[PDB]
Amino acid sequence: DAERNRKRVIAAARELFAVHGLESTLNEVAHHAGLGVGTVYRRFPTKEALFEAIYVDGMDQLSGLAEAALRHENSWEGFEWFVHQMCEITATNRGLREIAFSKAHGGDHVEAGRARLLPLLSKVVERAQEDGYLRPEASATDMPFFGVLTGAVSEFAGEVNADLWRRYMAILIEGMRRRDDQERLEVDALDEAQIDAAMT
């Protein structure tokens, strides 16, 4: 029962985030969710508590998408499909983009969410590389930067050009495909330690 209201607050907050960024108060989230103000406060005493819950919820969402991508028949199509689904979340919602990348997070819940997501990202990259589709320099830590890159397009271009991020996402994915005439990427992706220290 309380878990149902918890999901409704998160879903209502993500809807408001696409238009209002992070400016919406807990009262406005409660109205949009159709819940009493005390119900949102009993679930999330502060906005930072709501912000962290949305971040962890977004990671759990990426995990389910990565698990679905690993069920696809072709590992390259699974990789491209996952990148599409991942980047769309933050490229079309400036509030989520601010939480995902322009925010530092920590604590037990955040660590447990990253612990589930990071190995799934590794398996998606590993499978496409083993079948010869994805270039061998690729890493699981390239995935967050695909989200950062596509989100920065929408942040700069604005809502008038709301689809422009798809152009540069397609360019990025094409640059990741393995070709014979490709030079080794001189700068390696961040390792597990570096990507951890970057977003905390």
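All residue numbers refer to positions in the sequence shown, first residue = 1.
Across the two stretches, 30-38 and 147-155, the PDB entry reports the greater mean Cα temperature factor for 30-38. Note on 1-9 vs 191-199: mean CA B-factor is higher in 1-9. As recorded in the entry, 105 carries the highest CA temperature factor of 84, 109, 127, 105.
Highest C-alpha temperature factor among 56, 49, 140, 172 per the entry: 49. Among the modelled residues of the chain, residue 44 sits in the highest third by CA temperature factor in this PDB entry. Annotation for residue 98: C-alpha temperature factor in the highest third relative to the rest of the modelled chain, per the entry. Residue-level temperature factors show residue 160 in the highest third of its chain, judged at the C-alpha atom.
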